[PDB]
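Asker: Take any residue in the sequence shown, note its place counting from 1, add 57, and you have its number in the working numbering.
Ideal Cβ positions, reconstructed from N, Cα and C, are used throughout, including at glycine.
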Amino acid sequence: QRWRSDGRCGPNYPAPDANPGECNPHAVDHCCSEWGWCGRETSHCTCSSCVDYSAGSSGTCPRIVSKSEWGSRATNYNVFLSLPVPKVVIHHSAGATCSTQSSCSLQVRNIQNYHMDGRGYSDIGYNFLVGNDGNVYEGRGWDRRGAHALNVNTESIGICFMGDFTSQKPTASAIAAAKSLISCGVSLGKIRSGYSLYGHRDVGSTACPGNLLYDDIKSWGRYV
Ligand SMILES: [Zn+2]
Numbered sequence: 058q059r060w061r062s063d064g065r066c067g068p069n070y071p072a073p074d075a076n077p078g079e080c081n082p083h084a085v086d087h088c089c090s091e092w093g094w095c096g097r098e099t100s101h102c103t104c105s106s107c108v109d110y111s112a113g114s115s116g117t118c119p120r121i122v123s124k125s126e127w128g129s130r131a132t133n134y135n136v137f138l139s140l141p142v143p144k145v146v147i148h149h150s151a152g153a154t155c156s157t158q159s160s161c162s163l164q165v166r167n168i169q170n171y172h173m174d175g176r177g178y179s180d181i182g183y184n185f186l187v188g189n190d191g192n193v194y195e196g197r198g199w200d201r202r203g204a205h206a207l208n209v210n211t212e213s214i215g216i217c218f219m220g221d222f223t224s225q226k227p228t229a230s231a232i233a234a235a236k237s238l239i240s241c242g243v244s245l246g247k248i249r250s251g252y253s254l255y256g257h258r259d260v261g262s263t264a265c266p267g268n269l270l271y272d273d274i275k276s277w278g279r280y281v
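(1) Rank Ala112, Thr157, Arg202 and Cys107 by C-alpha distance to the C-alpha of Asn133 and give the top, closest one.
(2) Does any heavy atom of ligand 1 sit closer than 7 Å to the C-beta of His205?
(3) Three-state secondary structure (DSSP) at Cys241?
(4) Could you tell me the distance, in whole angstroms, from the CA atom of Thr157 to the CA atom of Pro119?
(5) Can we count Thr263 as close to ligand 1, meaning its CB is less than 7 Å from some heavy atom?
(6) Tell me the start and end of each unbroken alpha helix (DSSP H) in the stretch 65-106 that is at least 4 residues and wholly inside, in chain order.
(7) With DSSP as the reference, identify every bridge partner of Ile274, one or two as the case may be.
(8) Tell me the residue span of the alpha helix (DSSP H) that contains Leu163.
(9) Under a three-way DSSP split, which group does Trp60 fall into?
(10) Is the beta carbon of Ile216 closer than 8 Å to that of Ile147?
(11) To the nearest angstrom, how far is the alpha carbon of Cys80 from that of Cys155?
(12) Please classify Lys144: does DSSP put it in a helix, a strand, or coil?
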């Protein structure tokens, strides 16, 4: 990857997939200092030759497409989650995949219409969605109680990958976007650092989030 395993970085310690060697954006030590160490302190982040990998397109926080950007309909749901959140539940759409911001935005619009008009929800059920386009889309957000898993709605953030992943896996960009979303939520204090990661099937009776995606999330950090 773009950072080393020994904790070094910079133009003197090249990474396997990166020269100069970089730092894990989602790690506590995400700044490459003068002395070629990945560190966390202000000195590591604010020197003239220092690089803070928390920031940028590859930072901890992924670009979240807001409700107004993906074309959400008017909602007025204000049932708030107790923050920070103990656990993260992973979902799959069990539906269409999407590869562009337009098609994924349309897909989110469809899912919202299904939840509100077909099932009678106050809004789209999930807190966030993720498309194969590598983007994150805003559902009920960080602060509002979701409707994605009955046993755990009040204690969790629901992230739903858009697609069916029983025999497929999402694009690497989708996975990266979800992980970065989680990391971001942790950095903000929306999600506890000692959070627990669940698949939907772990907390309910479904095949969600599909076999292969469920297999992949075991390798993610903090899976229960
Ligand atoms: Zn689910």
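Answerer: Let's see:
(1) Sequence index remark: in the sequence shown, residue 133 carries index 76 (1-based). The residue with the shortest Cα to Cα distance from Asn133 is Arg202.
(2) Taking the sequence shown and counting its residues from 1, one reaches residue 205 at position 148. Yes, ligand 1 has a heavy atom inside 7 Å of this Cβ.
(3) The residue labelled residue 241 in the question sits at position 184 within the sequence shown. Correct three-state label for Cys241: helix.
(4) For this step, residue 157 is matched to residue 100 along the sequence shown. For this step, residue 119 is matched to residue 62 along the sequence shown. Their Cα atoms are separated by approximately 16 Å.
(5) Translated into positions along the sequence shown, residue 263 becomes position 206. Answer for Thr263: yes, Cβ within range of ligand 1.
(6) 99-103
(7) For this step, residue 274 is matched to residue 217 along the sequence shown. Note: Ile274 sits in no beta bridge, so no partner.
(8) Your numbering for residue 163 matches position 106 in the sequence shown. That run of the alpha helix (DSSP H) goes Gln158 to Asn170.
(9) Indexing the sequence shown from 1 puts residue 60 at position 3. The answer is strand: DSSP assigns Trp60 an E or B state.
(10) In the sequence shown, the residue the question calls residue 147 occupies position 90. In the sequence shown, the residue the question calls residue 216 occupies position 159. Yes, they are a contact pair.
(11) Reading the sequence shown from its first residue, position 23 is the one you call residue 80. Reading the sequence shown from its first residue, position 98 is the one you call residue 155. Using only the alpha carbons, I get a separation of about 31 Å.
(12) The residue given as residue 144 occupies position 87 in the sequence shown. Three-state DSSP puts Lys144 in a strand.
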